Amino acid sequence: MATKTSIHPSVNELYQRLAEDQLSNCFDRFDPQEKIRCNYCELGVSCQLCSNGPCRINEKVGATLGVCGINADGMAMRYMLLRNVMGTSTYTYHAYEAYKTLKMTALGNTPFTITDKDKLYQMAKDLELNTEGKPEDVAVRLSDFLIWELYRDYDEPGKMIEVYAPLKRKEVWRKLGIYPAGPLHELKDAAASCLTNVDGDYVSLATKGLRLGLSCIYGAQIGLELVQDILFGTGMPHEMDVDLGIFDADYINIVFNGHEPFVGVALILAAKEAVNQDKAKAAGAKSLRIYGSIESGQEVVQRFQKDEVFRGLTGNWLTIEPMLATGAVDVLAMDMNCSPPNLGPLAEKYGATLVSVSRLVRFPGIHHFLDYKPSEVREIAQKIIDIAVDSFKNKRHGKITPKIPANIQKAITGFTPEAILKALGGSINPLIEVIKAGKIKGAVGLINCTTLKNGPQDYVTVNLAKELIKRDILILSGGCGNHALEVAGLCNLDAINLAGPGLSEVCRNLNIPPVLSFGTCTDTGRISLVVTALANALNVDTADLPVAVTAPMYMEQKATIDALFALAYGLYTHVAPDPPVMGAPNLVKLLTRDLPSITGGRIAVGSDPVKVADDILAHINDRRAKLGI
């Protein structure tokens, strides 16, 4: 049937049950779309932006330009920028709601508290805010300042990019003129440029894409992740259970799924109440348990420990459909991507109830809607707990047969730059010395999603991670590719012996895995804080560091914006499968050949793990040779 499924045997076992129930799934839907693939759109030489279209680029038949007059390069780059507007919008949405959450928490209208006060005061100092009074007043000040960072216009200088970016990179950006405004104004200008007969210059549209990436990282991601640190704590390494074997059908299981962790931690807090556990027990279940899915669950497992209520991480987005096939989910609380639009019939067949906690998430089949609100989240949480208890009693218990796979995997989560400092001994210099000694050739930022385009689920990512660590290359993993690596067993101590000589030796001496789970794609900025550190200790530019960035199985634009950032950051950025720009030769030449003389980085292609690893190692060794190491 489906030609490509997954590398995880649990996901395969559950896809087989999905297919046995004759329910549609992504794997089964891939091939019918393969039958009628459009090479125009796949090469990026098609457009749909105006009524004179739809236009295709075909010079051998006489259609050199669109009806407007744009060429293939401008077409591809403009479409890319247009959809990257969406990723910037998602990150800015997350950041704004995080700042609102911190503001409403500092004034006592949330079930949340200010956990990391050290980080709050350090941010207040570095951003030159007023530190007088209570910590909550400083939290309100930081909320307002980061909202202002969101709101910055084209003519107002920002402070986050001055604090969290190295000197030479800021020099490169100011000499390129790609110093961005606030992410709001930046995405506004990008979308306004993508309109018909506005911006049709592929160089200019790529410049605006780099501007949008910088806007996203320094105006949204860093601030939101540091505010989440202040709220729920800075992550420290701890052991965690992943893969779908963590499910138990005898419990009222609630799964939160999205990107923002507020609903999930509110559910954990409300489930710690004895009254709700007594409700779960009086309903006929053992107790009430909460599970974390994709990036929301990743955020939560970065900072929270495994107990009787919180049981771990389910997987990546391609695991959501088979997860419902377990027949063990009572509530799937959804706040952002991914919430696949055909989840209705699947939850109806397996006895699950779908609840959306966001005004962004809507699709056919949802049972309840509880738009997020910091002053309401507590109540929201409770309502979800009252929904599951009802669902469990009326739909799943004694009616749905569970099919929970046996695969449970150990994974070390919660790695942060502070955790790197702590494991090294408070200083980054030992990492410097093991990099200069040749034991660790370099570090790779694997900020990745997952997709069925360039192979089965997580094949490219996991096999490329193995190939990378085999060549003494450390990996900082974020995104759904990080979920893939945690499930595949590469994020625990047993994985030490899957690394090459130097990397395995150093990781055994430090008692850390060769793949450090830094969390989500939102942590890309956080990962930059590592590279910036490596750039500040050496007084060398980021483009000269033996570092690399890879998204071996990207899907939508939350990773394309991180790739555009890494390009503006001046890094070798591998992206697979091919973004739809290959029908534009000039843009391809700019992205893969010209940019190293503009920003410093370039775009790498390919889905072969061995060859991608070889090219990454070759770039790292070039950087080493020019560093004298």
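Note that residue numbering begins at 1 and tracks the sequence as displayed.
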| query | finding |
| --- | --- |
| 195-203 set against 104-112, stretch whose average Cα temperature factor tops the other in the entry | 104-112 |
| Between the two ranges 80-88 and 284-292, the one averaging a larger CA B factor in the entry | 284-292 |
| Selection from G442, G213, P341, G182 [criterion: highest C-alpha temperature factor in the record] | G442 |
| Maximum C-alpha temperature factor, selected from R378, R471, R359, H94 | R378 |
| Entry-reported Cα temperature factor of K558, expressed as the chain third it lands in | highest |
| Third assignment of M336 from its chain's C-alpha B-factors | middle |
| Chain thirds of CA B-factor: placement of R593 | highest |
| Position of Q221 among the chain's modelled residues by C-alpha B-factor, lowest, middle or highest third | middle |
| Third of the chain's Cα B-factor distribution that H238 belongs to, per the entry | highest |
